[PDB]
Structure formats: C-alpha cells, structure tokens
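Below is one structure, written out as structure tokens; the observations come after it.
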Amino acid sequence: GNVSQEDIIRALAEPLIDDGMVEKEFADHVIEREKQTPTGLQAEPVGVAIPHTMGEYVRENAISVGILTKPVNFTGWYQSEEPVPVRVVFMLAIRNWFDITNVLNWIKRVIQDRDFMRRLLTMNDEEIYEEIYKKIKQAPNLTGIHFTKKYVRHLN
Amino acid sequence: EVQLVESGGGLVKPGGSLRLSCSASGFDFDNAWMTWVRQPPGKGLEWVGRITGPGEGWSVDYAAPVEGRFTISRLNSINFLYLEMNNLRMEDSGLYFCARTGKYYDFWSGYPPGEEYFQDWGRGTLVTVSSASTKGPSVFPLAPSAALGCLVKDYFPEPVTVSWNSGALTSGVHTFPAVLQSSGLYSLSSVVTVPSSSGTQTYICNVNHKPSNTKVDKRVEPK
Amino acid sequence: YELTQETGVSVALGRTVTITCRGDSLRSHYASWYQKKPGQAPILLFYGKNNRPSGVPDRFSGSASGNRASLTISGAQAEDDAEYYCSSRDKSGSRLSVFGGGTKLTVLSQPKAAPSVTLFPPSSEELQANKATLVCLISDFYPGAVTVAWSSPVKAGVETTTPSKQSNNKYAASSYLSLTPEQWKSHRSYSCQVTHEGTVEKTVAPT
Ligand SMILES: *[C@@H]1O[C@H](CO)[C@@H](O)[C@H](O)[C@H]1NC(C)=O
C-alpha cells in the first residue's frame, strides 16, 4: 500500500497537464513506456528514474521533479535483474529526439554530482526549484524548457 | 511482418526526373523515421537522406551530393515514402532502398544526437541513367575449335533471355553475367558443352529480347 | 571515407574473424553493422553497445574502442560469405549518416577448384560485319579470385566481368577483348592468361 509507479507519474504530470505543456492523456502513455522502455538509473546516493515518452502528447518542453522519502522500485534502464530503488524522478516532456538527447546528456551531468543528490534529498520545493533552475541556466546549448516551482513536488 | 515495397525506378536519361515510392506495412509507419539508401553498380552503400517524424516537424536531412536536387516526403494516410529526383545523372544510377530507421542513444556514454540504425529494408528499385537509348542485340556463333556457344553484343536495356535447341531445355548450358561496355552497351555470352561426336548435333541457340521485341536463332556449326 | 574498412577479408569454415571500422566519429558515436548479399536486402546485425536484433545469430557480435568499431563472427559459416558495411555519424554531433566502404568476407567453405577456360576467336559473321571480339569464359573456379591478362605482355581494349557464383556454388567470369578485323590479322596471335591462386593460359590464332 506504499507508493506505486503510476502514482508518481500521475502526480508529476498533473502540473504539466494543468499548465498546458502536455495533453491530458500524457501520463497513461508515460506509464506504458515505463513498462516497455524502463528508465531506472542506478546512482550514488539514491536511484534515479526518467519517465518520458519520445515526444508523443508533448506540446511545450517542460520538466517536473519528484522526491521520495521511501525508495520505490523502477525497473532498470539497463538490464540487471535488480530493480532500482528510486528516490529522485525526472519527468521529461520533450518533443524533439534531437532535443531529447541533449536533455538526457544534461541529466547525466547532474546525476554524477552525488552531493547534489544528497542535498535534493533534504531540500525544500523552493530550494530545489532555484537550484535546478540555475543548472538549466548554467547549461549551454540546452533547448528552451519550462520549469516552475509547481513542477517541484515531494511525494509519498 | 514488416514489408517495404519500392517502386518507381526504371530507365531514364541524364537531366531527367523520377519519383520513387515505398509502401510500408507491419509497423507504426506514421511515427517512424524512414531513410533512402543507394548502391551504385559495383560500389557500396551510400546514405541518401532521412525524414523524421511528427515530433521533429517531418524535417529532412540530405547527403551533400543530392542536397538541392532530391526531395523526400511522406503520406502517412497510405504509409508511403517518396523520393523525387531531379537533374539525374549517370552518377546517380543504381539500386535505391527504403529503410526503417531506429534511434539509439546510450545514456551513460552517448553523445547527442545519438545514432540512427536501419532495422528493416526493402529489396529495392533500380534506376538506370544512361544515354544509350535502346538497342536490339547482335548475335554471333561461337563455333567449336566440346564447348560451343553464342555471343550477344551491344544491347540496351537489361535484361536478356537465352535458349538452346529452340527451347530444348538442354543441360550443360551456362549463361555468363553480361558486361556493361565502355560505350554504355551490354554484352553477354552463353555456352553449352556438347558431345564431341553427337555430326548431326543440330545446335541452334535462341535469344529473345522483349524490350526490343527481338528474337533470333543461330545455327552454330563446327565449321 | 570518414569510416574505413578492410577491402576484403578471408576465413575458414568454423573459424573466427573480426572486421573493423575506423573513424573519428566512432570515438563519440557507436556503429551498426549490415550484411549484404548479391541480389538481397541488407540485414541489420548489430548496433549500439551490445544490441543484436532478434533473429540475428549469436555468432555475430560487436565492440567499440577508441576510433575503432569492430564486428566479430564466431564459427563462420558459408551463409556468412557476404559483404559487410558499418554505419555511424560522419562528424561528432551530426544529424547526417555515412556508410563505410564495405568488407567482402570470404568464408572458404569449399575445396579449391582450378578455373576452366575457353577462348573463342572472332566469328566470321562478326568479321563480315567489320568487327572482331575475342571471348574468354572462365568457369568452375573456387575461390573467386581471378585476374585475366591478354607473346607481348600488353593488352588494350579489355572488359572483364566481376566473378559470379553458379549453381555449383563455384564461380564464373568472362573477359572480352575487342579488336578491329585488321588488328586480328596484324598481330601474330592473342592470348588469354588467367591467374587463380597464383596461371592457366589459352591462345588463339588469326587462322
Ligand atoms: C524491490 O523488489 C525487490 C525484489 O526482490 C524486493 O525485495 C524489494 O523489497 C522491493 N522494494 C520496493 C521498495 O518495492
């Protein structure tokens, strides 16, 4: 009866739905893709997940970020016969495969800093907003994206 | 499962135009990336261009030689891929395939924009660009001096059909792959090995050329 | 070629062979591999880090290192006798794609067979049409490595076909030497010398 994959994705998508960045159906397709193309990435402090479609049902590029106090199993992006305990989730709403690849490459650099992840595990919605907002600013050649404080949410 | 049929290739002259088409079934065509590839006679695969999907605005990327002369397009309501070719040259002749194109980007070690691979191909459509118009063949006997044969000279266009003993269905007959001559014409040879004794052999070869409506028989003799 | 491949490579039945593709883009981009047989559609074999499509035999495997991508066949078979192409981006960060030159893989699956050679003098009908052509017809050789040479070691106006497999699964080729009817009488004689595995020669006289 603890948090389940569908809940995080639906939770994360709600402000994107509410703000018009993706279509209303968008979460159900993220969930389908997670069954088919899992996005669980083992990392230093805690596990990471990047639920995303390949651009379907996305209307303006946006991101929503979710922090989990208790870990949740997401099947690994790479095959390991070992589920990934996730506490950080990056929901991607990107339309262009070209733009996609840039954003996941930027995603990687963020994950490699473990103390940032340790910080994000104990930080406020406002703190994670302006911290992430800055990293988007400090990211070069990154496409235009949409990030608001509502896009930051604690879960579970 | 996946089926890709190409169509539209054929005989065309320099400076001419041609529209190629590819019909797709068995997969999500409307959202797939589709690629044209060509292989010149004797030469290797060469990437022509690629059309993306709806998220990418159906943008098309072109190899530098064909940029400005070929246009790639699609009609997703009938699952058709098109290559419209203008200002064709001999240098553009060869066999053209459509490929279904996947997208690959490894997270930890990949570098954008990823890599594209070609998971399903068609059998292809042949586009021939020459100045050779059309040509019915010249046939000459190759008398024994036991191998006896016929020589087919200076035709255009391919192909060419042979027959021995007037459709006799004789075995021991080997038809050699033609050679595109330097003048741009084709020449071929067909030989059959026969008993060194069996005087009343009565050997006459038959070559038919449907493109020219040409039919000839050669009563090749020892001589 | 941003991507460079061995022109051709040979191997024995059941033995292991590796084909390589070299280029600067391969230091930042993975490569995919395709098998191409005469008259047949290319078959995707391998792509990415360790991606082998369902249906490709496990004897096919890929690897990358530095500026070098490579494909390996473990227990080569006669069906693997084919042409092999790599593909990747041209430059780092490019939306365009390129193919390598290709590698002809010869799986030596058959006992060596010497070529059978027939040389035909120009026919009288062609001569009465003021033309001449000598015809060399090479057949039933394995493997398909023939060079044809036409007693003066000089030869001009030659046109030779690419080797081609027969129903016997041996190979055949043909070489055509054009001449004018006066040249055939002008020269002492013309000769067809063909080399297969280091040389059966045949000659024809203006008679
Ligand atoms: C994840 O799955 C493993 C399966 O062995 C299980 O032991 C573990 O308790 C699971 N954890 C969560 C948070 O679901």
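Chain labels run A, B, ... following the order of the structure tokens; each chain numbers its residues from 1, and ligands are numbered from 1 in the order shown.
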
Which chain B residues are at most 8 Å from chain A (counting only C-alpha atoms), as a list in words?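 Residues satisfying the distance criterion: residues 55, 56, 105, 107, 108, 110, 111, 112, 113 and 114 of chain B.
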
Residues within 10 Å of segment 27-32 of chain B, please, as a PyMOL selection string. Count only C-alpha atoms; anything in the same chain fewer than 4 positions from it doesn't count. (chain A and resi 56) or (chain B and resi 1-3+23+51-55+58+74-81+100-103)

The selected residues should be written to file as a tab-separated table (two decimals), in the first residue's frame (atoms: N, CA, C and O atoms).
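Contents of again_11.tsv, freshly written:
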```tsv
chain	number	residue	atom	x	y	z
A	56	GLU	N	5.55	12.05	-27.94
A	56	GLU	CA	4.11	11.95	-28.16
A	56	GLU	C	3.37	12.66	-27.03
A	56	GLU	O	3.74	12.53	-25.86
B	1	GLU	N	5.54	-9.91	-41.74
B	1	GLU	CA	5.57	-8.84	-40.74
B	1	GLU	C	5.82	-7.49	-41.39
B	1	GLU	O	4.95	-6.96	-42.09
B	2	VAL	N	7.00	-6.92	-41.16
B	2	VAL	CA	7.37	-5.69	-41.85
B	2	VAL	C	7.51	-5.97	-43.33
B	2	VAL	O	8.17	-6.93	-43.74
B	3	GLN	N	6.87	-5.14	-44.14
B	3	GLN	CA	7.01	-5.21	-45.59
B	3	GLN	C	7.27	-3.82	-46.12
B	3	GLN	O	6.58	-2.86	-45.75
B	23	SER	N	6.13	1.57	-50.07
B	23	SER	CA	4.90	1.25	-49.37
B	23	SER	C	5.25	0.42	-48.14
B	23	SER	O	5.98	-0.57	-48.26
B	51	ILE	N	13.95	11.31	-43.46
B	51	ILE	CA	12.82	12.11	-42.98
B	51	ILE	C	12.42	11.62	-41.60
B	51	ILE	O	12.36	10.42	-41.33
B	52	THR	N	12.16	12.59	-40.72
B	52	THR	CA	11.86	12.35	-39.31
B	52	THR	C	10.35	12.20	-39.12
B	52	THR	O	9.58	11.97	-40.06
B	53	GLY	N	9.90	12.29	-37.87
B	53	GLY	CA	8.51	12.11	-37.56
B	53	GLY	C	7.85	13.39	-37.11
B	53	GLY	O	8.42	14.48	-37.19
B	54	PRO	N	6.63	13.26	-36.57
B	54	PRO	CA	5.86	14.47	-36.22
B	54	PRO	C	6.53	15.32	-35.15
B	54	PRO	O	6.45	16.56	-35.22
B	55	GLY	N	7.20	14.70	-34.16
B	55	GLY	CA	7.83	15.49	-33.11
B	55	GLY	C	8.94	16.37	-33.64
B	55	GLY	O	9.23	17.43	-33.08
B	58	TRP	N	8.67	16.59	-39.25
B	58	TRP	CA	8.99	15.93	-40.52
B	58	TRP	C	10.20	16.54	-41.21
B	58	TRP	O	10.26	16.58	-42.45
B	74	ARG	N	6.42	12.21	-47.46
B	74	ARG	CA	5.65	11.08	-46.98
B	74	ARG	C	4.17	11.39	-47.01
B	74	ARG	O	3.74	12.55	-46.98
B	75	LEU	N	3.38	10.32	-47.07
B	75	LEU	CA	1.93	10.36	-46.96
B	75	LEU	C	1.57	9.26	-45.98
B	75	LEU	O	1.58	8.08	-46.35
B	76	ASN	N	1.30	9.63	-44.73
B	76	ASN	CA	1.15	8.64	-43.66
B	76	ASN	C	-0.20	7.97	-43.68
B	76	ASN	O	-0.37	6.92	-43.02
B	77	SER	N	-1.16	8.56	-44.39
B	77	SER	CA	-2.51	8.03	-44.52
B	77	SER	C	-2.57	6.85	-45.47
B	77	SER	O	-3.61	6.17	-45.51
B	78	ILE	N	-1.52	6.64	-46.26
B	78	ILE	CA	-1.38	5.43	-47.07
B	78	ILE	C	-0.04	4.76	-46.85
B	78	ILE	O	0.28	3.80	-47.56
B	79	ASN	N	0.78	5.27	-45.92
B	79	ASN	CA	2.01	4.62	-45.50
B	79	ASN	C	3.01	4.56	-46.65
B	79	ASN	O	3.59	3.51	-46.97
B	80	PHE	N	3.21	5.71	-47.29
B	80	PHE	CA	4.03	5.82	-48.48
B	80	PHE	C	5.19	6.77	-48.20
B	80	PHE	O	5.02	7.81	-47.56
B	81	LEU	N	6.37	6.40	-48.67
B	81	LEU	CA	7.56	7.23	-48.61
B	81	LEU	C	7.98	7.55	-50.03
B	81	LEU	O	7.94	6.68	-50.90
B	100	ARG	N	13.59	1.31	-42.69
B	100	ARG	CA	13.04	1.79	-41.44
B	100	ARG	C	14.21	2.11	-40.50
B	100	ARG	O	15.14	1.31	-40.35
B	101	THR	N	14.17	3.29	-39.89
B	101	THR	CA	15.31	3.83	-39.18
B	101	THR	C	14.96	3.94	-37.71
B	101	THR	O	14.00	4.65	-37.35
B	102	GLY	N	15.74	3.25	-36.85
B	102	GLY	CA	15.59	3.38	-35.42
B	102	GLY	C	16.51	4.43	-34.86
B	102	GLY	O	17.39	4.96	-35.54
B	103	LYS	N	16.31	4.73	-33.58
B	103	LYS	CA	17.09	5.75	-32.89
B	103	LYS	C	17.77	5.12	-31.69
B	103	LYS	O	17.12	4.38	-30.93
```

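A distance search around ligand 1 (9 Å at most, only C-alpha atoms and all ligand atoms) returns the following protein and nucleic acid residues: residues 2, 3, 4, 70, 71, 72, 73, 74, 82, 83, 84, 85 and 86 of chain A.
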
Interface list for chain B, partner chain C, 9 Å threshold, only C-alpha atoms, as a PyMOL selection string: chain B and resi 42-50+61-63+97+104-106+109-124+138-145+147+151+174+176-182+187-189+191

re atom CA of residue 199 of chain C and atom CA of residue 181 of chain C: distance 28.3 Å

DSSP-assigned strand (DSSP E or B) members of segment 27-125 of chain B, reported as a ChimeraX atom specification: /B:33-39,46-51,60-62,70-75,80-85,94-104,115-121,125

For residue 67 of chain A, list every protein, DNA or RNA residue within 7 Å, evaluated using only C-alpha atoms, and leave out those in the same chain fewer than 4 positions away; present the list as a PyMOL selection string. chain A and resi 87-89+121+153-155

With C-alpha atoms kept, could you save the residues just selected as a compact mmCIF listing (two decimals), in the first residue's frame?
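Output below, filename out_13.txt:
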```txt
# COMPACT_ATOMS: atom_id res chain seq x y z
CA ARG A 87 14.17 8.50 -4.59
CA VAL A 88 14.64 11.12 -7.37
CA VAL A 89 12.44 11.22 -10.52
CA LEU A 121 17.03 14.50 -0.74
CA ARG A 153 6.84 18.18 -5.67
CA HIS A 154 7.58 15.91 -2.71
CA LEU A 155 5.86 12.53 -2.91
```

Polymer residues at most 12 Å from residue 151 of chain C, only C-alpha atoms, same-chain spacing of 4 or more positions, as a list in words: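 The neighbour list is residues 155, 187, 188, 189, 190, 191, 192, 193, 201, 202, 203, 204 and 205 of chain C.
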
Output the selection as a PDB file, in the first residue's frame - N, CA and C atoms for each residue.
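Full text of again_26.pdb as output:
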```pdb
ATOM      1  N   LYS C 155      48.007  -5.352 -73.362  1.00  0.00           N
ATOM      2  CA  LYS C 155      46.589  -5.622 -73.596  1.00  0.00           C
ATOM      3  C   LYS C 155      45.805  -4.326 -73.465  1.00  0.00           C
ATOM      4  N   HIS C 187      48.356  -8.633 -85.658  1.00  0.00           N
ATOM      5  CA  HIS C 187      49.154  -9.218 -84.588  1.00  0.00           C
ATOM      6  C   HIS C 187      49.332 -10.716 -84.803  1.00  0.00           C
ATOM      7  N   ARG C 188      50.453 -11.240 -84.295  1.00  0.00           N
ATOM      8  CA  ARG C 188      50.785 -12.644 -84.517  1.00  0.00           C
ATOM      9  C   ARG C 188      49.714 -13.563 -83.942  1.00  0.00           C
ATOM     10  N   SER C 189      49.268 -13.283 -82.720  1.00  0.00           N
ATOM     11  CA  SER C 189      48.266 -14.091 -82.039  1.00  0.00           C
ATOM     12  C   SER C 189      47.869 -13.362 -80.764  1.00  0.00           C
ATOM     13  N   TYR C 190      46.710 -13.735 -80.227  1.00  0.00           N
ATOM     14  CA  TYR C 190      46.209 -13.176 -78.981  1.00  0.00           C
ATOM     15  C   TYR C 190      45.994 -14.289 -77.967  1.00  0.00           C
ATOM     16  N   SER C 191      46.222 -13.957 -76.700  1.00  0.00           N
ATOM     17  CA  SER C 191      46.376 -14.943 -75.642  1.00  0.00           C
ATOM     18  C   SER C 191      45.581 -14.531 -74.416  1.00  0.00           C
ATOM     19  N   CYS C 192      44.920 -15.499 -73.787  1.00  0.00           N
ATOM     20  CA  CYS C 192      44.143 -15.258 -72.575  1.00  0.00           C
ATOM     21  C   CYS C 192      44.839 -15.985 -71.430  1.00  0.00           C
ATOM     22  N   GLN C 193      45.462 -15.220 -70.540  1.00  0.00           N
ATOM     23  CA  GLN C 193      46.121 -15.756 -69.356  1.00  0.00           C
ATOM     24  C   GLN C 193      45.316 -15.339 -68.130  1.00  0.00           C
ATOM     25  N   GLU C 201      46.659 -20.546 -69.145  1.00  0.00           N
ATOM     26  CA  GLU C 201      46.678 -19.616 -70.259  1.00  0.00           C
ATOM     27  C   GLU C 201      46.182 -20.324 -71.509  1.00  0.00           C
ATOM     28  N   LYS C 202      45.468 -19.584 -72.355  1.00  0.00           N
ATOM     29  CA  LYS C 202      44.965 -20.119 -73.608  1.00  0.00           C
ATOM     30  C   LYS C 202      45.133 -19.078 -74.709  1.00  0.00           C
ATOM     31  N   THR C 203      45.370 -19.564 -75.932  1.00  0.00           N
ATOM     32  CA  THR C 203      45.777 -18.727 -77.051  1.00  0.00           C
ATOM     33  C   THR C 203      44.917 -19.008 -78.280  1.00  0.00           C
ATOM     34  N   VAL C 204      44.789 -17.997 -79.138  1.00  0.00           N
ATOM     35  CA  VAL C 204      44.002 -18.098 -80.362  1.00  0.00           C
ATOM     36  C   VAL C 204      44.740 -17.425 -81.523  1.00  0.00           C
ATOM     37  N   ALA C 205      44.671 -18.051 -82.719  1.00  0.00           N
ATOM     38  CA  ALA C 205      45.444 -17.608 -83.873  1.00  0.00           C
ATOM     39  C   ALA C 205      44.554 -17.026 -84.976  1.00  0.00           C
TER      40      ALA C 205
END
```

Straight-line distance linking atom CA of residue 117 of chain A with atom CA of residue 44 of chain A, stated in Å to one decimal: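 According to the coordinates, atom CA of residue 117 of chain A and atom CA of residue 44 of chain A are separated by 8.4 Å.
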
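For segment 18-22 of chain A, the set of protein, DNA and RNA residues having any atom at most 12 Å away, when counting only C-alpha atoms and skipping those fewer than 6 positions along the same chain, is residues 10, 11, 12, 28, 29, 30, 52, 53, 55, 56, 57, 58, 59, 60, 61, 62, 63, 64, 91, 92, 93, 94, 95, 145, 146, 147, 148, 150 and 151 of chain A.
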
Deliver the residues from the most recent selection as a file, using N, CA and C atoms, as a compact mmCIF listing (two decimals), in the first residue's frame.
```txt
# COMPACT_ATOMS: atom_id res chain seq x y z
N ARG A 10 1.62 10.06 -12.44
CA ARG A 10 0.41 10.87 -12.48
C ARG A 10 0.59 12.14 -11.68
N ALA A 11 1.14 12.02 -10.48
CA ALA A 11 1.42 13.20 -9.68
C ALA A 11 2.32 14.17 -10.44
N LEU A 12 3.41 13.66 -11.02
CA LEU A 12 4.36 14.55 -11.66
C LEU A 12 3.75 15.23 -12.87
N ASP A 28 -0.74 8.31 -18.97
CA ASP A 28 -1.00 6.91 -19.34
C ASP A 28 -0.01 6.40 -20.37
N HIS A 29 0.49 7.27 -21.23
CA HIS A 29 1.47 6.84 -22.20
C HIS A 29 2.87 6.78 -21.60
N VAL A 30 3.18 7.70 -20.68
CA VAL A 30 4.41 7.56 -19.90
C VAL A 30 4.42 6.21 -19.19
N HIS A 52 9.48 9.16 -19.47
CA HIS A 52 9.30 10.08 -20.58
C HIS A 52 8.75 9.33 -21.78
N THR A 53 7.97 10.02 -22.60
CA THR A 53 7.71 9.48 -23.92
C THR A 53 8.82 9.94 -24.87
N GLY A 55 8.26 12.06 -27.21
CA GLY A 55 7.68 13.26 -27.77
C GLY A 55 6.17 13.22 -27.98
N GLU A 56 5.55 12.05 -27.94
CA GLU A 56 4.11 11.95 -28.16
C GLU A 56 3.37 12.66 -27.03
N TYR A 57 2.32 13.41 -27.37
CA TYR A 57 1.45 14.09 -26.42
C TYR A 57 2.14 15.23 -25.67
N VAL A 58 3.32 15.65 -26.12
CA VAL A 58 4.02 16.80 -25.54
C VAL A 58 3.75 18.01 -26.42
N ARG A 59 3.49 19.15 -25.79
CA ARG A 59 3.20 20.35 -26.55
C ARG A 59 4.18 21.49 -26.33
N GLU A 60 4.76 21.63 -25.14
CA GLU A 60 5.85 22.57 -24.89
C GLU A 60 6.80 21.90 -23.92
N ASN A 61 8.10 21.98 -24.20
CA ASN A 61 9.07 21.24 -23.41
C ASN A 61 9.07 21.69 -21.96
N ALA A 62 8.97 20.73 -21.05
CA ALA A 62 8.87 21.01 -19.63
C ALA A 62 9.43 19.83 -18.84
N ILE A 63 9.66 20.07 -17.55
CA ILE A 63 10.21 19.08 -16.64
C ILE A 63 9.46 19.18 -15.32
N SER A 64 9.21 18.03 -14.68
CA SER A 64 8.74 18.02 -13.30
C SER A 64 9.59 17.05 -12.50
N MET A 91 10.73 13.73 -14.64
CA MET A 91 9.76 13.53 -15.71
C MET A 91 10.10 14.46 -16.86
N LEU A 92 10.30 13.90 -18.05
CA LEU A 92 10.66 14.67 -19.22
C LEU A 92 9.47 14.78 -20.17
N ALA A 93 9.19 16.00 -20.60
CA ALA A 93 8.20 16.27 -21.64
C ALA A 93 8.95 17.05 -22.72
N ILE A 94 9.58 16.32 -23.63
CA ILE A 94 10.38 16.88 -24.70
C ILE A 94 9.90 16.29 -26.01
N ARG A 95 9.87 17.10 -27.06
CA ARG A 95 9.24 16.70 -28.32
C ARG A 95 10.24 16.20 -29.37
N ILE A 145 13.28 25.28 -22.25
CA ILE A 145 12.45 24.39 -21.45
C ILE A 145 11.60 25.24 -20.51
N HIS A 146 10.68 24.57 -19.81
CA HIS A 146 9.74 25.21 -18.90
C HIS A 146 9.87 24.59 -17.52
N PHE A 147 10.23 25.40 -16.52
CA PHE A 147 10.35 24.94 -15.15
C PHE A 147 9.76 25.98 -14.21
N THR A 148 8.79 25.56 -13.40
CA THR A 148 8.18 26.41 -12.39
C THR A 148 8.27 25.73 -11.04
N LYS A 150 5.89 24.97 -9.14
CA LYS A 150 4.87 23.94 -9.03
C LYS A 150 5.36 22.63 -9.63
N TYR A 151 6.30 22.70 -10.57
CA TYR A 151 6.88 21.50 -11.15
C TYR A 151 7.76 20.73 -10.17
```

For chain C, the nearest of the candidates A:38, A:79, A:128, A:6, counting only C-alpha atoms: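 Using only C-alpha atoms, chain C sits closest to A:79.
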
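The two atoms in question, atom CA of residue 35 of chain C and atom CA of residue 80 of chain C, are spaced 8.2 Å apart.
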
Where in segment 42-136 of chain C does DSSP assign alpha helix (DSSP H), given as a list in words?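 Taking segment 42-136 of chain C and keeping alpha helix (DSSP H) only, one gets residues 124, 125, 126, 127 and 128 of chain C.
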
Between B:169, B:127, B:132, B:185, smallest distance to residue 155 of chain B by only C-alpha atoms belongs to B:185

Would you pick out the contacts of residue 207 of chain B at 10 Å or less, using only C-alpha atoms, so that residues sharing its chain but fewer than 5 positions from it are not included, and give the list as a PyMOL selection string? chain B and resi 137-139+150-152+160-164+166-167+190+214-218

With N, CA and C atoms retained, export the selected residues as a PDB file, in the first residue's frame.
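Listed below is the output, part.pdb:
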```pdb
ATOM      1  N   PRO B 137      19.950  -6.710 -79.797  1.00  0.00           N
ATOM      2  CA  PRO B 137      21.286  -7.317 -79.748  1.00  0.00           C
ATOM      3  C   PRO B 137      21.740  -7.887 -81.082  1.00  0.00           C
ATOM      4  N   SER B 138      23.059  -7.999 -81.224  1.00  0.00           N
ATOM      5  CA  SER B 138      23.683  -8.667 -82.360  1.00  0.00           C
ATOM      6  C   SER B 138      24.224 -10.005 -81.886  1.00  0.00           C
ATOM      7  N   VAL B 139      23.917 -11.072 -82.616  1.00  0.00           N
ATOM      8  CA  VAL B 139      24.211 -12.427 -82.168  1.00  0.00           C
ATOM      9  C   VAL B 139      25.147 -13.095 -83.166  1.00  0.00           C
ATOM     10  N   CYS B 150      27.093 -18.952 -77.881  1.00  0.00           N
ATOM     11  CA  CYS B 150      26.595 -17.790 -78.605  1.00  0.00           C
ATOM     12  C   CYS B 150      26.987 -16.513 -77.876  1.00  0.00           C
ATOM     13  N   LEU B 151      27.260 -15.465 -78.646  1.00  0.00           N
ATOM     14  CA  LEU B 151      27.688 -14.182 -78.105  1.00  0.00           C
ATOM     15  C   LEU B 151      26.654 -13.116 -78.442  1.00  0.00           C
ATOM     16  N   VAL B 152      26.226 -12.375 -77.423  1.00  0.00           N
ATOM     17  CA  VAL B 152      25.187 -11.358 -77.543  1.00  0.00           C
ATOM     18  C   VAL B 152      25.844 -10.003 -77.333  1.00  0.00           C
ATOM     19  N   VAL B 160      17.730  -9.801 -70.834  1.00  0.00           N
ATOM     20  CA  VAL B 160      18.131 -10.625 -71.966  1.00  0.00           C
ATOM     21  C   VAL B 160      17.926 -12.087 -71.592  1.00  0.00           C
ATOM     22  N   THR B 161      17.294 -12.845 -72.483  1.00  0.00           N
ATOM     23  CA  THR B 161      16.948 -14.235 -72.231  1.00  0.00           C
ATOM     24  C   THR B 161      17.507 -15.100 -73.345  1.00  0.00           C
ATOM     25  N   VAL B 162      18.038 -16.261 -72.967  1.00  0.00           N
ATOM     26  CA  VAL B 162      18.658 -17.187 -73.904  1.00  0.00           C
ATOM     27  C   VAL B 162      17.895 -18.513 -73.872  1.00  0.00           C
ATOM     28  N   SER B 163      18.178 -19.354 -74.866  1.00  0.00           N
ATOM     29  CA  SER B 163      17.566 -20.669 -75.006  1.00  0.00           C
ATOM     30  C   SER B 163      18.360 -21.455 -76.039  1.00  0.00           C
ATOM     31  N   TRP B 164      18.567 -22.741 -75.770  1.00  0.00           N
ATOM     32  CA  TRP B 164      19.296 -23.624 -76.670  1.00  0.00           C
ATOM     33  C   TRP B 164      18.365 -24.697 -77.218  1.00  0.00           C
ATOM     34  N   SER B 166      16.219 -24.366 -79.452  1.00  0.00           N
ATOM     35  CA  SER B 166      14.898 -23.755 -79.580  1.00  0.00           C
ATOM     36  C   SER B 166      13.993 -24.136 -78.403  1.00  0.00           C
ATOM     37  N   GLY B 167      14.380 -23.672 -77.213  1.00  0.00           N
ATOM     38  CA  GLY B 167      13.666 -24.080 -76.021  1.00  0.00           C
ATOM     39  C   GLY B 167      13.833 -25.542 -75.691  1.00  0.00           C
ATOM     40  N   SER B 190      26.726 -16.991 -73.728  1.00  0.00           N
ATOM     41  CA  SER B 190      26.145 -18.228 -73.226  1.00  0.00           C
ATOM     42  C   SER B 190      26.809 -19.393 -73.937  1.00  0.00           C
ATOM     43  N   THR B 214      12.944  -8.467 -79.983  1.00  0.00           N
ATOM     44  CA  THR B 214      13.964  -9.066 -80.832  1.00  0.00           C
ATOM     45  C   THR B 214      14.072 -10.558 -80.541  1.00  0.00           C
ATOM     46  N   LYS B 215      14.028 -11.369 -81.598  1.00  0.00           N
ATOM     47  CA  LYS B 215      14.111 -12.823 -81.492  1.00  0.00           C
ATOM     48  C   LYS B 215      14.984 -13.338 -82.630  1.00  0.00           C
ATOM     49  N   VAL B 216      16.026 -14.103 -82.295  1.00  0.00           N
ATOM     50  CA  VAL B 216      16.985 -14.601 -83.278  1.00  0.00           C
ATOM     51  C   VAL B 216      17.449 -15.991 -82.854  1.00  0.00           C
ATOM     52  N   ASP B 217      17.680 -16.856 -83.845  1.00  0.00           N
ATOM     53  CA  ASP B 217      18.271 -18.172 -83.639  1.00  0.00           C
ATOM     54  C   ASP B 217      19.524 -18.309 -84.496  1.00  0.00           C
ATOM     55  N   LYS B 218      20.554 -18.961 -83.952  1.00  0.00           N
ATOM     56  CA  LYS B 218      21.851 -19.077 -84.620  1.00  0.00           C
ATOM     57  C   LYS B 218      22.215 -20.547 -84.774  1.00  0.00           C
TER      58      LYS B 218
END
```

Please provide the set of residues having any atom within 7 Å of segment 4-21 of chain C, restricted to only C-alpha atoms, with same-chain residues fewer than 6 positions apart removed, written as JSON, numbers by chain. {"C": [68, 69, 70, 71, 72, 73, 74, 75, 76, 77, 86, 100, 101, 102, 103, 104, 105, 106, 107, 108, 109]}
